[PDB]
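Engineer: For reference, the structure I am asking about is given below.
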Amino acid sequence: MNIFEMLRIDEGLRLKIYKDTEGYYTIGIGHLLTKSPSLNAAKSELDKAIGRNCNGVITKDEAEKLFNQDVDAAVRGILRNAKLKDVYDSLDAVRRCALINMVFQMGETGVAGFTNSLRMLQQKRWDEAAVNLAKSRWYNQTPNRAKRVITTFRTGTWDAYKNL
């Protein structure tokens, strides 16, 4: 299992504009287009993103391209953020995947706000951090996905996904 397979499980693949769990316009593998309510604003962002007139629809190839860019940007964003980078560097390979997953879903800023959990992960207090991460809007809003990520940080294995 790897970061790509993991995220593909969590986000799904949709070739037509859709609304995410938060009601935002998205396409592909969890690629947020706009927080704006206008499907029109969405279609415009899409065309800008792909470089063609898509009319709300993309191919598999285009979805995967956006996906590659997004994962890359997630990683680069962690490495550029002081707080994030220190945690990342301290972690093993599997746990690194869990942090990337959070950043991809919620943005650098959002994850950087999990101050206490970050400190626990750095200290390698697995159980404590799992309990702290669960006390969040994140967990309450998308509990099955959050539990999968949480288990990954807790155990340092891919068990939560070997089901799926």
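Residue names in the structure tokens use chain letters A, B, ... in the order shown, residue numbers from 1 in each chain, and ligand numbers from 1 in the order shown.
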Report as a PyMOL selection string: the residues of region 15-136 of chain A with a DSSP assignment of alpha helix (DSSP H), based on the backbone of this structure.
Structural biologist: chain A and resi 39-50+60-80+82-90+93-112+115-122+126-133
Engineer: If you count only C-alpha atoms, which residues fall within 12 Å of residue 26 (chain A), apart from same-chain ones fewer than 2 positions away, as a ChimeraX atom specification?
Structural biologist: /A:11-24,28-37,39,41-43,45-46,49,56-58,63,66
Engineer: Could you turn the residues from that selection into a file that holds N, CA, C and O atoms, as a short mmCIF file (atom, residue, chain, number, x, y, z; two decimals), in the first residue's frame?
Structural biologist:
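Writing the result to selection_36.cif gives the following:
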data_model
loop_
_atom_site.label_atom_id
_atom_site.label_comp_id
_atom_site.auth_asym_id
_atom_site.auth_seq_id
_atom_site.Cartn_x
_atom_site.Cartn_y
_atom_site.Cartn_z
N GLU A 11 -10.96 8.94 -0.97
CA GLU A 11 -11.63 9.97 -1.71
C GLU A 11 -12.55 9.47 -2.81
O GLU A 11 -13.38 10.21 -3.27
N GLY A 12 -12.26 8.32 -3.39
CA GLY A 12 -13.02 7.82 -4.54
C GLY A 12 -12.53 8.45 -5.82
O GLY A 12 -11.53 9.14 -5.81
N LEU A 13 -13.15 8.13 -6.95
CA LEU A 13 -12.82 8.73 -8.25
C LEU A 13 -14.14 9.09 -8.90
O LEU A 13 -14.95 8.21 -9.04
N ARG A 14 -14.37 10.34 -9.28
CA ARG A 14 -15.59 10.79 -9.95
C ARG A 14 -15.19 11.66 -11.11
O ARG A 14 -14.40 12.57 -10.90
N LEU A 15 -15.65 11.33 -12.31
CA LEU A 15 -15.30 12.03 -13.53
C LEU A 15 -16.19 13.19 -13.92
O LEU A 15 -15.92 13.84 -14.94
N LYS A 16 -17.23 13.46 -13.10
CA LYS A 16 -18.15 14.58 -13.33
C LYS A 16 -18.12 15.45 -12.10
O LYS A 16 -17.92 14.90 -11.00
N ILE A 17 -18.29 16.81 -12.23
CA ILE A 17 -18.28 17.70 -11.03
C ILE A 17 -19.21 17.16 -9.99
O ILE A 17 -20.32 16.74 -10.32
N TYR A 18 -18.81 17.18 -8.75
CA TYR A 18 -19.69 16.68 -7.68
C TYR A 18 -19.55 17.52 -6.45
O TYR A 18 -18.68 18.36 -6.43
N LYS A 19 -20.41 17.37 -5.46
CA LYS A 19 -20.26 18.12 -4.23
C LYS A 19 -19.64 17.20 -3.19
O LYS A 19 -20.00 16.04 -3.09
N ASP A 20 -18.67 17.73 -2.44
CA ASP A 20 -18.00 16.94 -1.45
C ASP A 20 -18.84 16.81 -0.18
O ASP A 20 -19.98 17.28 -0.14
N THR A 21 -18.27 16.24 0.87
CA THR A 21 -19.05 16.04 2.07
C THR A 21 -19.45 17.38 2.63
O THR A 21 -20.45 17.48 3.29
N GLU A 22 -18.64 18.41 2.38
CA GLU A 22 -18.97 19.76 2.89
C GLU A 22 -19.89 20.59 2.00
O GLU A 22 -20.19 21.72 2.32
N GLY A 23 -20.25 20.02 0.86
CA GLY A 23 -21.07 20.65 -0.13
C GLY A 23 -20.27 21.42 -1.13
O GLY A 23 -20.83 22.21 -1.86
N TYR A 24 -18.94 21.23 -1.19
CA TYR A 24 -18.19 22.00 -2.19
C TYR A 24 -17.95 21.29 -3.49
O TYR A 24 -17.79 20.07 -3.54
N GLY A 28 -12.72 14.39 -9.74
CA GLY A 28 -11.60 13.47 -9.70
C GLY A 28 -11.45 12.76 -8.40
O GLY A 28 -12.42 12.22 -7.87
N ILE A 29 -10.20 12.76 -7.93
CA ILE A 29 -9.85 12.16 -6.68
C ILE A 29 -9.72 13.21 -5.57
O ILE A 29 -8.61 13.53 -5.10
N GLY A 30 -10.86 13.73 -5.11
CA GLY A 30 -10.88 14.72 -4.07
C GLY A 30 -10.26 16.08 -4.43
O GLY A 30 -9.79 16.78 -3.56
N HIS A 31 -10.27 16.49 -5.71
CA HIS A 31 -9.68 17.76 -6.09
C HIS A 31 -10.70 18.89 -5.89
O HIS A 31 -11.58 19.03 -6.73
N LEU A 32 -10.61 19.65 -4.79
CA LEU A 32 -11.53 20.77 -4.57
C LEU A 32 -11.47 21.82 -5.69
O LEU A 32 -10.40 22.28 -6.10
N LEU A 33 -12.58 22.19 -6.23
CA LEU A 33 -12.50 23.20 -7.26
C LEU A 33 -12.71 24.60 -6.70
O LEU A 33 -11.96 25.50 -7.03
N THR A 34 -13.75 24.81 -5.91
CA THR A 34 -14.08 26.13 -5.38
C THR A 34 -14.97 25.98 -4.16
O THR A 34 -15.74 25.04 -4.12
N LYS A 35 -14.90 26.89 -3.21
CA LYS A 35 -15.85 26.85 -2.11
C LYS A 35 -17.10 27.65 -2.47
O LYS A 35 -18.06 27.73 -1.72
N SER A 36 -17.10 28.24 -3.66
CA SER A 36 -18.19 29.03 -4.15
C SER A 36 -19.41 28.23 -4.58
O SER A 36 -19.33 27.15 -5.16
N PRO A 37 -20.58 28.82 -4.34
CA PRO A 37 -21.82 28.14 -4.60
C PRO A 37 -22.20 28.05 -6.06
O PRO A 37 -23.12 27.33 -6.44
N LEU A 39 -22.07 26.74 -9.67
CA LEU A 39 -21.61 25.63 -10.51
C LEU A 39 -20.84 26.22 -11.67
O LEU A 39 -20.01 25.59 -12.34
N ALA A 41 -18.93 29.04 -11.47
CA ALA A 41 -17.62 29.33 -10.95
C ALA A 41 -16.79 28.05 -10.95
O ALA A 41 -15.60 28.10 -11.24
N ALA A 42 -17.45 26.89 -10.68
CA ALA A 42 -16.80 25.58 -10.66
C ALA A 42 -16.37 25.13 -12.03
O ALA A 42 -15.30 24.54 -12.25
N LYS A 43 -17.24 25.33 -12.96
CA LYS A 43 -16.89 24.89 -14.31
C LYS A 43 -15.72 25.67 -14.88
O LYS A 43 -14.92 25.16 -15.66
N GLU A 45 -13.23 27.13 -12.95
CA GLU A 45 -12.04 26.69 -12.28
C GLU A 45 -11.54 25.40 -12.91
O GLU A 45 -10.34 25.19 -13.11
N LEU A 46 -12.47 24.52 -13.24
CA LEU A 46 -12.13 23.26 -13.88
C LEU A 46 -11.40 23.40 -15.20
O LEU A 46 -10.37 22.76 -15.50
N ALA A 49 -8.04 24.58 -14.65
CA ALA A 49 -7.19 23.55 -14.10
C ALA A 49 -6.69 22.54 -15.13
O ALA A 49 -5.54 22.10 -15.09
N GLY A 56 -17.62 20.45 -17.43
CA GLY A 56 -17.92 19.65 -16.20
C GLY A 56 -17.48 18.19 -16.21
O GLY A 56 -17.69 17.42 -15.27
N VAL A 57 -16.81 17.79 -17.24
CA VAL A 57 -16.42 16.41 -17.25
C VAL A 57 -14.96 16.21 -17.65
O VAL A 57 -14.50 16.87 -18.56
N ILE A 58 -14.28 15.23 -17.03
CA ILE A 58 -12.88 14.93 -17.33
C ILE A 58 -12.69 13.43 -17.52
O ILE A 58 -13.54 12.63 -17.13
N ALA A 63 -7.91 13.07 -14.32
CA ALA A 63 -8.12 12.93 -12.87
C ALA A 63 -6.83 12.55 -12.15
O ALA A 63 -6.52 13.05 -11.07
N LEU A 66 -4.29 15.57 -11.99
CA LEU A 66 -4.61 16.44 -10.85
C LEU A 66 -4.20 15.77 -9.55
O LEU A 66 -3.70 16.41 -8.63
#
Engineer: I'd like to know which of A:87, A:108, A:144, A:164 is closest to residue 8 (chain A), using only C-alpha atoms.
Structural biologist: A:164
Engineer: Would you tabulate, counting only C-alpha atoms, all residues of region 46-102 of chain A that have an atom at most 8 Å from an atom of region 113-136 of chain A, showing the closest pair of atoms and their distance in Å to one decimal, sorted by chain then ascending number, as JSON lines?
Structural biologist:
{"residue": "A:86", "atom": "CA", "partner": "A:122", "partner_atom": "CA", "distance": 7.8}
{"residue": "A:87", "atom": "CA", "partner": "A:122", "partner_atom": "CA", "distance": 5.4}
{"residue": "A:90", "atom": "CA", "partner": "A:122", "partner_atom": "CA", "distance": 6.2}
{"residue": "A:91", "atom": "CA", "partner": "A:122", "partner_atom": "CA", "distance": 7.4}
Engineer: If you run DSSP over the backbone, which residues in region 19-150 of chain A end up strand (DSSP E)? Put them as a list in words.
Structural biologist: residues 19, 25, 26, 27, 28, 31, 32, 33 and 34 of chain A
Engineer: Take the residues just selected and output them with C-alpha atoms as a PDB file, in the first residue's frame.
Structural biologist:
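Below you can see result27.pdb, which holds the result:
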ATOM      1  CA  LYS A  19     -20.263  18.115  -4.227  1.00  0.00           C
ATOM      2  CA  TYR A  25     -17.614  21.576  -5.882  1.00  0.00           C
ATOM      3  CA  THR A  26     -15.004  18.806  -6.485  1.00  0.00           C
ATOM      4  CA  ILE A  27     -13.923  16.493  -9.278  1.00  0.00           C
ATOM      5  CA  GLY A  28     -11.598  13.465  -9.699  1.00  0.00           C
ATOM      6  CA  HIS A  31      -9.684  17.761  -6.086  1.00  0.00           C
ATOM      7  CA  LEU A  32     -11.535  20.767  -4.572  1.00  0.00           C
ATOM      8  CA  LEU A  33     -12.504  23.199  -7.255  1.00  0.00           C
ATOM      9  CA  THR A  34     -14.079  26.128  -5.382  1.00  0.00           C
TER      10      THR A  34
END
Engineer: Name the closest residue to residue 4 (chain A) among the candidates A:104, A:38, A:50, A:142; distances are taken between atoms, counting only C-alpha atoms.
Structural biologist: A:104
